[PDB]
Amino acid sequence: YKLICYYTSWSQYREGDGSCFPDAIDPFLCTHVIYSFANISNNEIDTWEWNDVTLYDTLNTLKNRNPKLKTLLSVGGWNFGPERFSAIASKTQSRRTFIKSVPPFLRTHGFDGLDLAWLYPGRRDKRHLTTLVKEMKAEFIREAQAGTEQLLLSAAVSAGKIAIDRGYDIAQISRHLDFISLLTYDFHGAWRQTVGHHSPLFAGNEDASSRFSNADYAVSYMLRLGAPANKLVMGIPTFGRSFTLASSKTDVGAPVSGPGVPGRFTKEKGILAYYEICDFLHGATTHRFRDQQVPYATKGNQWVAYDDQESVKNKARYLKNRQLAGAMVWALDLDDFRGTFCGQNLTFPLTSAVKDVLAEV
Ligand SMILES: *[C@@H]1O[C@H](CO)[C@@H](O[C@@H]2O[C@H](CO)[C@@H](O[C@@H]3O[C@H](CO[C@@]4(O)O[C@H](CO)[C@@H](O)[C@H](O)[C@@H]4O)[C@@H](O)[C@H](O[C@]4(O)O[C@H](CO)[C@@H](O)[C@H](O)[C@@H]4O)[C@@H]3O)[C@H](O)[C@H]2NC(C)=O)[C@H](O)[C@H]1NC(C)=O
């Protein structure tokens, strides 16, 4: 099984213990580690942060301890305008220029592949995305003639039915990608004025109309559309989504006023790292959706949807049962990487729980 793990560059800036650098990563935890995110300048792949060249080197030295470890550099991301990807892929000339700049950059910095994080292609982009993937892969095939191991090509893809139907030719890109990571943790949050879980595994016979907004539906749908199970990787989150309640009601459908209060370390309204959730739990009431198989907690007027060791193990078993290629984790820097916030002295408790299940078979 593959265990794909993302590391985000901006996590180096969090204060105190929240600060995470590539060397905090256990070389034997994941099979693949993806660095997020690279930029595109003058239609060529480029660094993003001032010290990326140094962090690339730090990350890639983990391979001196685990020679089987593979690293990839992810291009795009949320702070990368989707329109920007749009413009590059739409024109043969700018697309060729970008594709050509990739292999030498990857080789120079010691990466084993490129991850595409175009979030997200729209109806008018579907054809160009296919073109981008095909031609990128052909270039990688060509570059390997030089005697070096062929570069890997992956992509992070929406798990939302409407997003999938609108922007992706799944049957086509599946044949050119080495693996596809499903973003199965964005099924709510988004700004909708009700309380709900962003990463449920199953639909849950209760208050539903989404009926498409759960991991099981997304996986089934991808398989139906033509993606082979052996190229599909299921996304598992290591963060939680928070809400400020509008009333004293805590159960399903409870009214919400806006996102939750920022965490001390991550400092972003609406999100909390798992290590911050471990702290938040002291004094909170914990619950679990029996149908969706995911937990949530409340304290004061704060409501948090998250994943714990039990739900993450549950998701890992599910993907093994569907015979998928593996799991993807977003993100290592949001897991209890120091192993000092969540109690039982274990570094990366969530990611380790997934790895354990995956190693059972
Ligand atoms: C990821 O990559 C993107 C895309 O490459 C980076 O975005 C660009 O960032 C640069 C640096 O801040 C910046 O380019 C500069 O633009 C100057 C003028 O600004 C306009 O830029 O913006 C309006 C937009 O509507 C245009 O209509 C105008 O024509 C300009 O283009 C431009 O003057 C400046 O060019 C200087 O070139 O710099 C040289 C050398 O210092 C100087 O001698 C020249 O006289 C000149 O003034 C420069 O090119 C721009 O704002 C961003 N543009 C784009 C394409 O988005 C992004 O920074 C990067 N991200 C990260 C985090 O690295």
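All values below were derived from every heavy atom in this structure, side-chain atoms included, with hydrogens, water molecules and symmetry-related copies excluded. For ligands, and for the atoms within them, numbers begin at 1 and follow the listed sequence. Start at 1 with the first residue, then count along the sequence.
For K63 and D112, the salt-bridge test passes: some basic side-chain N is under 4.0 Å from an acidic carboxylate O. Taking a cutoff of 4.0 Å between a charged side-chain nitrogen and a carboxylate oxygen, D125 and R166 do not qualify as a salt bridge.
Looking only at side-chain heavy atoms (C-beta outward), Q302 and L245 stay at 4.5 Å or farther from each other. Taking the side chain as every heavy atom from C-beta outward, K231 and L177 never approach each other to under 4.5 Å. Contact check for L151 versus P103: side-chain heavy atoms found under the 4.5 Å cut-off. The shortest side-chain heavy-atom distance between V233 and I180 does not fall under the 4.5 Å cut-off.
Shown here, atom 59 (C) of ligand 1 is in close reach of the protein: a heavy atom of it lies under 4.0 Å off. Atom 2 (O) of ligand 1 is approached by the protein to below 4.0 angstrom, counting heavy atoms only. Remark: atom 29 (O) of ligand 1 lies closer than 4.0 Å to no protein heavy atom. In this structure, atom 63 (O) of ligand 1 has a protein heavy-atom contact shorter than 4.0 Å. Atom 50 (C) of ligand 1 lies below 4.0 Å from none of the non-hydrogen atoms of the protein. Taking a distance limit of 4.0 Å, we find that atom 11 (C) of ligand 1 is approached by no protein heavy atom.
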Between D308 and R288, is a salt bridge (charged side-chain N to carboxylate O under 4.0 Å, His left out) present by the stated rule, with each step listed?
CA-CA 11 Å; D308 55 12; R288 195 172 299 255; 2.4 Å; yes
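The part of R84 lying near ligand 1 is the side chain, judged by heavy-atom distances below 4.0 Å. Neither the backbone nor the side chain of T47 comes within 4.0 Å of ligand 1, counting heavy atoms alone.
Of all the atoms in ligand 1, the ones that sit under 4.0 Å from a non-hydrogen atom of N39 are 1 (C), 2 (O), 3 (C), 57 (C), 59 (C), 60 (N), 61 (C), 63 (O).
Using a non-hydrogen distance threshold of 4.0 Å, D46 does not register as a contact of ligand 1.
Protein heavy atom nearest atom 5 (O) of ligand 1, with residue, atom name and distance: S41 OG, 3.3 Å.
More than 12 heavy atoms of other shown residues, nucleotides or ligands fall within 6.0 angstrom of atom CZ in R84.
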